[PDB]
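So the sequence lines, in the order shown, correspond to chains A, B, C and D.
When we follow our numbering, the leftmost residue of the first sequence carries the number 1, and every step to the right adds one.
When we follow our numbering, the leftmost residue of the second sequence carries the number 1, and every step to the right adds one.
When we follow our numbering, the leftmost residue of the third sequence carries the number 1, and every step to the right adds one.
When we follow our numbering, the leftmost residue of the fourth sequence carries the number 1, and every step to the right adds one.
A virtual CB, placed ideally from N, CA and C, is assigned to each residue, including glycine.
Report on one structure; see the data block that follows.
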Amino acid sequence: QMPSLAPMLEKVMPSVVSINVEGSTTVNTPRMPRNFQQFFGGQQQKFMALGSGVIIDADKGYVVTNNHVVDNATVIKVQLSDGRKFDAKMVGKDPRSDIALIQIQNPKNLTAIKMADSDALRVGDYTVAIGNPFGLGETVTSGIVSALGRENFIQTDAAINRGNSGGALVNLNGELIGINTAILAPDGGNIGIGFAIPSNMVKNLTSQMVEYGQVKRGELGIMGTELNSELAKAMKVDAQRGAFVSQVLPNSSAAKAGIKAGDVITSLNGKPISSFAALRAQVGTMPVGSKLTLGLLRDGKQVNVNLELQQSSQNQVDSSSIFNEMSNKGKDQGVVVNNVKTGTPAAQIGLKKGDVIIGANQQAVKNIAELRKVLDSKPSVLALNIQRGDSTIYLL
Amino acid sequence: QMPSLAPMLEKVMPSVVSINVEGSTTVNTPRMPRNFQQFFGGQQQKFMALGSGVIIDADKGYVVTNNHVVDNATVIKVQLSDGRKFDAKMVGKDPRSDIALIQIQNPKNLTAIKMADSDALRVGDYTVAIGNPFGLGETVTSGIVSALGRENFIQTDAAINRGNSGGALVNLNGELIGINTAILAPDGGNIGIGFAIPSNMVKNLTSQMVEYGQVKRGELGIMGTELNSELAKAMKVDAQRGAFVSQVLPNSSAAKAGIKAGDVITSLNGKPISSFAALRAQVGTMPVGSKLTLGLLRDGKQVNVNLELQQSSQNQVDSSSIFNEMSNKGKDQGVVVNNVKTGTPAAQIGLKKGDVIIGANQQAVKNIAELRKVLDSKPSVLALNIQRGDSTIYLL
Amino acid sequence: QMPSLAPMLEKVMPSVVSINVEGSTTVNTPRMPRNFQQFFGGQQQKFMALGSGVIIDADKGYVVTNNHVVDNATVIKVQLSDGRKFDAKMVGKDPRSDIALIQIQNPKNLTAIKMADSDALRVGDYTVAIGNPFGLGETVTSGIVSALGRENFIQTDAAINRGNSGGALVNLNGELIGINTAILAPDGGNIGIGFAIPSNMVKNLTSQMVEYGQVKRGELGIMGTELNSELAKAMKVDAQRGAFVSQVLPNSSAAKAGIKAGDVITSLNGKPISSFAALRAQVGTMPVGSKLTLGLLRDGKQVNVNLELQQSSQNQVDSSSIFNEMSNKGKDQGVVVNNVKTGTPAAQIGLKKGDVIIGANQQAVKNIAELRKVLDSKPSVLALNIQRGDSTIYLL
Amino acid sequence: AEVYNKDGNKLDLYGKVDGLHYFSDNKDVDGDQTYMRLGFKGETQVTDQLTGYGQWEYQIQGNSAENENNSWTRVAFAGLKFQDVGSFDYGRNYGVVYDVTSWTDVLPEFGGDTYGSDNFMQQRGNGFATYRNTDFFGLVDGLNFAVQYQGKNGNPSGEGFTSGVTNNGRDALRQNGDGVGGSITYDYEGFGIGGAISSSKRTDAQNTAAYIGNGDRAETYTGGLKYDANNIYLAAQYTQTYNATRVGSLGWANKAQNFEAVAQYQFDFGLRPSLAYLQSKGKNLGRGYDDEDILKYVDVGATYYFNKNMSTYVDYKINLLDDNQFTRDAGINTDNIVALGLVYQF
C-alpha cells in the first residue's frame with residue numbers, strides 16, 4: 001500500500017514516556033497594588049512541569065530527559081505509553097547539556113530504545129522527533145538532519161512552531177540519535193529549528209551520572225563575559241579580543257591559584273581565546289584535576305593551574321534515599337558537600353560547608369554513586385563517616 | 001525519475017475549491033477622537049472571508065468547509081480549480097466541530113473526492129494538506145499524522161506558520177482523511193501544529209446537515225466554566241472539582257427540569273465530572289431527546305432530565321429559497337423557530353418566538369431538510385402551516 | 001539501509017557558498033537623551049550582512065545570491081563549503097527580483113551547480129533548501145513545491161520559522177530550481193512559507209547582468225499606489241479602480257512624453273489596469289525602448305510613449321576596477337551616468353549628471369559589460385571618452 | 001477675556017461654568033457634577049526680548065450644599081521667557097510627560113485617566129521647575145523640547161512623623177521624591193510626533209507593605225502621534241510605566257502599559273463627534289493579582305459649539321472592565337456613565 005512511519009513508531013513508542021514534575025522554587029514577594037503603567041525595578045512557590053523522556057535501561061528503569069524539566073523537582077512522575085504510571089527519582093543532571101537522568105521506582109516490564117551511533121550522522125539523513133509539545137500528549141513530527149554542528153549539537157527541522165523542546169530524536173530505524181533540547185534557557189521553546197544533543201554524547205554523560213553521581217566536568221571557576229558588556233566599557237579594557245573576567249569564583253582554582261577580575265584571558269595552553277564563548281567551550285573539553293595554563297592580560301600576566309569539578313551539576317535529596325547539595329571532590333577522594341541551606345535539615349545533622357564523606361556509613365565512599373549505593377542497600381542504621389578536613393565525626 | 005506527490009495531487013485538485021464569502025455583522029460604533037494612550041472599557045459592517053472547501057457530492061454539488069469561513073455569510077462564492085465560478089448557498093453548519101456544508105448553485109461537471117476511513121489512521125502515516133494560507137491561492141503542504149487524539153481531533157505537522165487553518169487533509173492515495181480546522185476561535189490561524197476533524201466524523205456530521213437541516217446534538221443548556229473563574233472565587237465555592245454553573249439557560253431542559261447557578265456538577269450518569277470541559281464533551285456524545293441524570297452540589301442536590309437540540313447549530317435565510325433562525329424540535333416533531341430579530345422580515349410574516357411548522361405549505365415538515373425540500377420544489381404559492389403550540393395559522 | 005538525502009547533498013554542497021558582506025549606509029543622527037515614553041516623529045554607519053549564494057559558473061567564479069545581502073556592500077567575502085576563503089566583487093543586482101550576481105576574485109578549483117528547467121515544476125514535487133538561517137552556518141531543510149505562482153514565484157514549505165530567506169532551492173537530483181528570496185523588504189525573514197525565484201528566471205536575469213552590466217527592464221517612471229491611500233482620499237479621486245499617480249518621475253518618459261500626478265491609469269495597451277500592482281507587474285514584462293500606450297483619467301486623457309531602463313538596478317564602484325552610479329542608456333547607445341554624489345570622487349573626474357561613455361578609453365562602449373571589460377584588461381592608462389550630450393571631453 | 005492691556009502688561013481673566021450631570025448605575029459618580037473654573041494669565045514686557053508671566057487656575061465645585069466647599073488650585077506658576085532662547089517657570093504646573101499625553105486628553109468629559117493629578121511627573125503637581133526651548137533657538141520651526149525637575153513632596157508636618165516630612169506634605173498616594181524628566185515634540189504642518197521620559201525617587205512612606213508596587217523609583221516612557229488638519233483630529237499615545245501608575249487605592253503597578261487613541265471631526269455647522277479608546281494593563285501586581293486591567297473603555301461623544309463661548313455635550317463611557325475581586329478591592333469603577341453638559345465660558 002502506502003509508505004508509513006507507523007510501523008517503526010510502534011516499535012519505538014513503548015520506550016518513550018511522559019514526565020510530570022511537581023516542585024517548588026523561590027519567587028520574590030509581590031508588591032501591591034499593581035500599576036501596569038509603572039515599569040518597576042522570598043517564598044517558595046509550587047510549579048508544574050511536563051516533558052518527555054526515553055527509557056535507556058529496561059532493567060534499571062533508567063530514563064533520559066531534559067534538565068529543564070526535572071530541575072527543582074520535589075516529585076517526578078512517569079507514565080509509560082501503555083498508560084502504566086510510576087514514580088521516579090533523580091539520579092543525575094547536567095545544565096550545560098540540558099540533559100538529565102532519572103529512575104523509575106519499581107519498574108516492571110519495560111522497553112528500552114536502542115541507541116545508534118551519532119558519529120555516523122549525515123545531513124540529508126531522515127529524522128523523527130517525539131515529544132509533548134503543548135501538554136496535550138505525545139506528538140511525533142518528521143524531517144531531516146539539518147546541520148551537524150561539527151559541541152556537535154544536532155540541528156533538525158523536525159521541531160514544532162512555538163512548542164516546548166521535546167525529547168527523542170530517532171532515525172528511520174527507530175534508534176536514538178539525539179535528545180532534543182532547549183537553547184532558550186530558563187524558558188524551553190525553540191528558536192525556529194531543533195537542537196539535539198547527539199546520542200553518543202547522551203550515552204557518555206548519562207553513564208557518568210550513573211557511575212559517579214555526576215558528570216566529571218571541571219570548571220575554571222571564573223565568571224564573566226565578552227568585551228562588549230557595560231562593565232568592559234565602564235571599566236575601559238585595553239586590547240579587546242578575549243574573555244572578560246568579571247569575577248573570580250570563591251574557593252576556586254582560579255581564585256586559589258591566582259587571578260583577579262579585569263584580566264582578559266588571551267589564550268589557553270598556547271591557543272588564542274577570542275571570546276568567553278570559545279573559553280567556556282574549551283574548558284568543557286577537560287575532566288576534573290586536569291591542568292591548563294592560560295595567558296591573562298593586565299599589563300602582561302600569565303599563569304598555570306589545575307581545575308576541580310564544576311558546581312552546576314550537583315546532587316541534593318537523592319543521595320540519601322531519605323530526604324533533605326553535595327557533589328564529587330577531585331578524583332575518587334570521597335564526596336565533598338557544598339553550600340548548605342536555611343531549612344538546615346542536613347546541616348542539622350552535623351554537616352558543615354566543606355565536609356567530605358569517605359566512609360560509606362562504614363565503608364569506602366570515593367563517590368556519590370557508591371555512597372548512594374549504600375544509603376539504598378542498608379536503610380537501617382546510618383553513621384556518616386564524614387571528615388570535613390580535620391574533624392572526623394560520625395553522625396547518624 | 002524522482003518521486004513526487006504531483007501525480008496524485010492531479011487526481012485530487014479538481015475536488016478542492018476556493019471559497020469567497022461576503023457578509024455582514026454587528027460592530028460597536030467607534031467613539032472619537034481616538035487616544036492611543038488611553039486603554040478604554042450598533043451598525044452592520046461588511047467583511048470578506050476566504051477559505052477552502054472539498055467537493056463531497058459531485059451530483060448535488062455538496063462542498064464541505066469550515067464554519068469559521070461561511071459563518072454570517074450573505075453571499076458565498078465558489079471557484080473550481082479549473083477556474084469555473086459558481087454561487088453557493090448554506091445547507092448546514094456546526095460551530096463545535098467548526099465544520100460547514102454548502103451547495104454549489106447549478107453544478108456542471110464536478111469531481112468529488114473519495115473519503116477514506118478515519119478509523120484506520122496511525123501516527124507515522126503520511127499526510128498532505130491543501131488550503132489557501134494567505135489568500136494568494138491554493139497551497140499544498142506535506143507531512144505526517146502526529147497525534148490521533150484517541151474527540152479524535154487529528155494532529156498533523158502539515159500546517160503553516162502564521163497562516164489560516166486551511167481545509168483538506170488527504171492521505172497518499174488522494175483520499176480525504178480530515179478537514180483542517182481552527183482551534184483559535186473567532187480567529188482562524190494555528191497554535192503551531194494542525195488540527196483536523198477526522199473524515200469519518202466529517203461524513204457523519206455532514207449527512208445530518210443534509211437529511212435534517214442541522215446536526216442532532218442535544219445541549220444541557222447550562223453555561224458556565226471551571227472552578228478557577230473570578231466568579232467561583234467571588235462567590236466562594238465549596239468542594240472545588242467539577243463544572244461551575246454560572247447560569248442556567250432560559251427555556252432550557254436544565255431550566256425546565258430544575259437547576260440554578262452555583263451548583264457544581266460532580267457526575268453525569270454516575271461518572272465523575274471534574275471540569276466543564278469533561279462535561280461539555282460528554283454531553284456532546286448524546287443526540288437529542290436523550291436522558292442523562294447528573295449529580296449537582298449545593299449541600300448535596302441531584303436530578304435526572306432529558307435534553308433538546310442545541311442552539312449553536314441553526315439555520316437562517318436558507319430554509320425558504322427566498323430570504324429573511326429556526327432549528328429542529330425534538331424528534332421528527334416539526335421545525336421550531338427561535339429568537340426572531342429586529343428587521344423582522346420573517347416575524348412580519350406572522351411568525352413569533354416559538355412557532356412550529358409541521359405543515360409543508362400543505363404537507364409534512366417533521367424537519368428542516370423536508371421543509372426546505374418543499375420551499376425549493378414549489379416556489380409558486382406558499383402557505384406556512386405553522387402552529388406555535390396553539391394558534392394554527394396559515395401565513396403566506 | 002535507509003533512504004537519505006545525504007548522497008545528493010554531497011554532490012551539491014560544494015556549489016553552495018557562504019557570503020559575508022561588510023558595508024555602510026546613511027543613518028539619521030540620534031537625538032539624546034532617549035525617552036522611551038515619548039513616541040517621536042546624517043552619518044555613514046557600518047553594518048554586516050551574511051547570506052548564501054550558489055556557484056553558477058565554475059570558470060568565471062560566478063555566484064548567484066540575494067540582493068538584500070550584497071546591497072550597499074563595500075566588502076564582500078565568500079567562503080566555500082570546504083573552507084577556502086575568497087574575495088568577491090559586484091557584477092550585478094536587481095532589487096525587484098531580489099537577485100544579485102557576484103564574482104569570486106581569483107577562483108581556483110570550483111564546482112558549479114547544474115540548473116534544472118523551472119518550467120517543468122509541479123506542485124507535489126520534492127524540494128530541498130540550503131541556506132544560513134541564523135548565521136550559525138549552512139542548514140539544509142526539505143519539503144515540496146507548494147504553489148507554482150502561474151510572476152512565477154515558487155512557493156515551498158521548505159522554509160524556516162523566524163529565519164532569514166536563505167538561498168538555494170534544489171530538486172531531488174541536486175539541480176537548481178530556484179533561489180529563495182525575502183518578500184519582506186528591507187527586512188529579510190519570511191511570512192510563514194518560502195518564496196523562490198524560478199531557476200529559469202535566475203538564469204535569464206543573471207546573464208543580463210553579465211552581458212550588459214544590468215538587466216534590461218524599462219520603467220514607466222511614475223511612482224504611486226492604490227486608490228485607498230490617504231492621498232487618493234485627501235485629494236478625492238473620481239472613478240476608483242486603477243493605479244493612482246502620486247508623482248511623475250523627473251527626466252522620465254512619463255514626464256517627457258506627458259502625464260501628471262492624479263490621473264489614474266485605467267488600461268495599458270487596451271487592457272484594464274485595476275491596481276498599481278497589476279501595472280507595476282505589466283511594465284515589468286517589457287524591455288527598454290519598448291512602446292506602450294496607456295489610458296489615463298482626469299476627465300478622459302490618454303497617451304502613447306516609449307520607456308527607458310529603470311533606475312533600481314544600477315552599478316557603482318565596480319565598473320572601474322578602481323573605486324568611486326551609472327547604468328545603461330537605451331539600446332547599445334553607450335553607458336549613461338546618473339545621480340552623482342557628495343564625496344564626488346567620480347564627479348571630481350569631470351563626470352556630470354548626464355554623461356554618456358561610448359569611448360572604451362579608446363574603443364566602443366555600447367554598454368557597462370563592455371566598458372568594464374576594458375577597465376579590467378588595460379588598468380594602465382585610462383582616458384574616458386565621455387560625451388554628456390555635447391561636450392566630448394577625455395578625462396583620465 | 002482680556003480685561004487689561006496697557007503699558008506692556010496684559011491680563012486675561014478666564015473661566016467657565018459647566019452645568020453637568022452624570023447618569024450611572026454607580027451611585028458614587030451618579031448625579032449633579034456641576035462645577036466652575038476660574039483663572040488668570042498675565043504677561044509683562046520687560047524688554048523687547050524678555051517677558052515675565054504668571055498663571056493661576058482654580059476649580060470650585062458647584063454641586064455641594066452651602067455648608068461645605070470643595071475647591072482646589074489646578075495650576076499656579078511664575079516664569080520668564082526670552083525670545084529665541086527659551087522659558088523657565090516654577091510652581092504648581094503640568095509634568096512634562098503631559099506634553100505628549102495631553103494630545104489624547106481632548107474628550108468632551110472623560111479621557112486622560114491612565115494617569116492622575118499629583119502622580120509623579122505625569123500631570124498636575126507641586127514644585128515643578130520647568131525649562132523649555134521652542135523652535136531650537138528659532139532655527140528649526142516646530143521642534144520643541146523641555147527638561148523638568150520636581151522637588152520632594154513628603155509626609156504632612158505636625159502629625160508625628162519622624163522622617164520624610166515637607167511643609168506641604170500629604171498622603172502617600174500623592175507623594176513624590178525628587179524627580180527629573182524631559183520631552184521632545186515635532187510638529188510639521190498637520191502632523192505631530194513626540195516622546196517623554198520621567199524618573200522620580202519614591203518616598204519611604206510609599207514603599208510600605210500597606211501599598212502594592214514597592215520600588216526605588218517611578219519611571220515613565222511615552223510615545224505619541226498626532227494629526228490635526230482639514231477638520232480631522234487623530235491622536236494616539238503609548239506609555240510604559242514602572243512603579244508609577246496608581247491602582248486605585250491599593251498603591252501602584254509594578255509595571256503598566258497604557259494606551260489612548262482618539263478620532264474627532266469638526267462639522268462646519270458646529271458639531272464635533274468624538275470616538276476614543278483607553279486601556280491600562282498592569283503586570284506582576286503582587287498579592288496574587290498578577291496581570292489585570294486597571295482601565296479599559298470606549299468613549300463615544302459629541303460637542304455642539306454654538307460659538308467660542310457656549311457649547312453643550314454628551315459623552316458616553318462604555319466601560320469594558322468587569323466587576324471582579326481586583327476592581328472591588330481597588331475601588332475601580334466598572335459601570336458605564338453618560339455625561340450631559342452645558343458650558344458657558346469666557
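Could you name the residues of the segment 224-250 of chain C whose beta carbon sits closer than 9 Å to any beta carbon of chain B, in the order they occur along the chain? none
Pull up the distance between the alpha-carbon of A383 of chain C and that of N251 of chain C, whole angstroms please. Here residue 383 of chain C refers to the residue found at position 383 of the third sequence. Here residue 251 of chain C refers to the residue found at position 251 of the third sequence. Whole-angstrom Cα-Cα distance: 28 Å.
Less than 7 Å between C-beta atoms, sequence neighbours within five positions excluded: which residues of the same chain meet that for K301 of chain A? In the first sequence, residue 301 of chain A corresponds to position 301, counting from 1. Only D263 meet the Cβ criterion.
Excluding five sequence neighbours on each side, which residues of the same chain lie with their C-beta closer than 8 Å to the C-beta of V303 of chain C? Position 303 of the third sequence, counted from the start, is the residue given in the question as residue 303 of chain C. Hits under 8 Å: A257, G258, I259, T293, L294, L296.
How would you write the range of the beta strand (DSSP E) that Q105 of chain B sits in, first residue to last? Against the second sequence, residue 105 of chain B aligns to sequence position 105. From DSSP, the beta strand (DSSP E) with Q105 of chain B extends over 99-105.
Closer than 8 Å is the cut-off here; do at least three beta carbon pairs connect the segment 49-63 of chain C with the segment 106-121 of chain C? yes
Of the residues that make up the segment 201-232 of chain D, which ones have a beta carbon closer than 7 Å to any beta carbon in chain C? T220, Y221, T222, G223, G224, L225
Taking the beta strand (DSSP E) that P273 of chain D falls in, what are its first and last residues? If you number the fourth sequence from 1, residue 273 of chain D lands on position 273. Start and end: 271-283.
Does the distance from the CB of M326 of chain A to the CB of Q314 of chain A come in under 8 Å? Position 326 of the first sequence, counting from 1, holds the residue named residue 326 of chain A. Position 314 of the first sequence, counting from 1, holds the residue named residue 314 of chain A. In this structure, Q314 of chain A lies closer than 8 Å to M326 of chain A by Cβ.
Is any beta-carbon of chain C found at less than 8 Å from that of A147 of chain A? Counting from one through the first sequence, the residue named residue 147 of chain A turns up at place 147. Yes, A147 of chain A counts as interfacial toward chain C.
Rounded to a whole number of angstroms, what is the C-alpha to C-alpha distance between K203 of chain B and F134 of chain A? Taking the second sequence and counting its residues from 1, the one referred to as residue 203 of chain B is at position 203. Taking the first sequence and counting its residues from 1, the one referred to as residue 134 of chain A is at position 134. Cα to Cα, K203 of chain B sits roughly 29 Å from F134 of chain A.
Quick one: residues in its chain with C-beta nearer than 6 Å to the C-beta of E57 of chain D, no 5 flanking neighbours on either side, listed in chain order? As a working mapping, residue 57 of chain D is identified with position 57 in the fourth sequence. Once the five neighbours on either side are set aside, the close Cβ partners of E57 of chain D are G39, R74, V75.
Any C-beta of chain D within less than 9 Å: which residues of the segment 20-33 of chain C qualify? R31, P33
Using a cut-off of 7 Å between C-beta atoms, extract the partners of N173 of chain B located in chain A. By one-based count along the second sequence, residue 173 of chain B stands at place 173. Here the neighbours are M2.
Output, in chain order, the set of chain A residues within a Cβ distance shorter than 7 Å of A330 of chain D. As a working mapping, residue 330 of chain D is identified with position 330 in the fourth sequence. Correct list: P33.
Any Cβ of chain A within less than 8 Å of the Cβ of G194 of chain C? Looking up residue 194 of chain C in the third sequence gives position 194. Answer no: the Cβ-Cβ gap between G194 of chain C and chain A never drops below 8 Å.
Residue burial classification, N66 of chain C (beta-carbon count within 10 angstroms, cutoff 16): Walking along the third sequence from the start, residue 66 of chain C turns up at place 66. Per the 10 Å Cβ criterion, buried.
Can you list the residues of chain B that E260 of chain D reaches, using a CB-CB cut of under 9 Å? Taking the first residue of the fourth sequence as 1, we reach residue 260 of chain D at position 260. Residues of chain B passing the Cβ test: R34, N35, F36, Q37, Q38, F39, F40.
Buried or exposed: residue 430 of chain A, going by 16 or more other Cβ atoms within 10 Å of its Cβ? Examination of residue 430 of chain A is not possible in this model, given that chain A is present from 1 through 396 alone.
If you run the structure through DSSP and keep just helix, strand and coil, what is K89 of chain C? Position 89 of the third sequence, counting from 1, holds the residue named residue 89 of chain C. Correct three-state label for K89 of chain C: strand.
Do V356 of chain A and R388 of chain A count as a contact pair if the criterion is CB distance below 8 Å? Counting from 1 along the first sequence, the entry for residue 388 of chain A is found at position 388. Counting from 1 along the first sequence, the entry for residue 356 of chain A is found at position 356. Result yes, Cβ atoms of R388 of chain A and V356 of chain A sit closer than 8 Å.
Using a Cβ cut-off of 8 Å, which residues of the segment 115-140 of chain A contact any Cβ in chain C, in chain order? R122, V123, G124, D125, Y126
I need the boundaries of the beta strand (DSSP E) containing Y14 of chain D, first residue and last residue. Taking the fourth sequence and counting its residues from 1, one reaches residue 14 of chain D at position 14. Counting along the chain, the beta strand (DSSP E) containing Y14 of chain D begins and ends at 9-23.
Show which residues of chain B have a CB atom less than 7 Å away from the CB atom of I197 of chain C. By one-based count along the third sequence, residue 197 of chain C stands at place 197. Ordered by position in chain B, no residue passes the 7 Å Cβ test against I197 of chain C, which lies about 16 Å from the chain.
Entirely within the segment 147-216 of chain C and at least 3 residues each: give me those beta strand (DSSP E) ranges in chain order. 154-156, 168-170, 176-181, 194-198
Among the residues of its own chain, which have a CB less than 8 Å from the CB of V91 of chain B, if the five just before and after it don't count? Taking the second sequence and counting its residues from 1, one reaches residue 91 of chain B at position 91. So the list reads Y62, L101, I102, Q103, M209, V210, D318, once near-sequence residues are dropped.
What residues in its chain sit with their C-beta under 7 Å from that of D98 of chain C, if we drop five residues either side in the sequence? Residue mapping note: residue 98 of chain C aligns to position 98 of the third sequence, counting from 1. Cβ neighbours of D98 of chain C beyond the five flanking positions: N66, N67, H68, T181, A182.
Can you check whether the CB of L9 of chain A is closer than 8 Å to the CB of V123 of chain B? Taking the second sequence and counting its residues from 1, the one referred to as residue 123 of chain B is at position 123. Taking the first sequence and counting its residues from 1, the one referred to as residue 9 of chain A is at position 9. Result yes, Cβ atoms of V123 of chain B and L9 of chain A sit closer than 8 Å.
Would you mind telling me which residues of chain F sit closer than 7 Å to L5 of chain B, beta carbon to beta carbon, in chain order? Reference to chain F is not applicable here, since the protein chains of this structure are A, B, C and D.
Test: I113 of chain C CB closer than 8 Å to a CB of chain B: Residue mapping note: residue 113 of chain C aligns to position 113 of the third sequence, counting from 1. Not an interface residue.
Any beta carbon from chain B within less than 8 Å of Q302 of chain C's own beta carbon? Locating residue 302 of chain C in the third sequence gives position 302, counting from the first residue. No, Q302 of chain C does not count as interfacial toward chain B.
If you drop the 5 nearest sequence neighbours on each side, which residues of the same chain put their C-beta closer than 6 Å to that of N152 of chain B? In the second sequence, residue 152 of chain B corresponds to position 152, counting from 1. Hits under 6 Å: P198.
Under 8 Å between beta-carbons, which chain B residues line up against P273 of chain D? List them in chain order, please. Within the fourth sequence, the letter at position 273 stands for residue 273 of chain D. Those are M32, listed as they occur along chain B.
Compare the beta carbon distance of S146 of chain B and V140 of chain A with 8 Å and say whether it is the shorter of the two. Here residue 146 of chain B refers to the residue found at position 146 when the second sequence is read from its first residue. Here residue 140 of chain A refers to the residue found at position 140 when the first sequence is read from its first residue. In this structure, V140 of chain A lies closer than 8 Å to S146 of chain B by Cβ.
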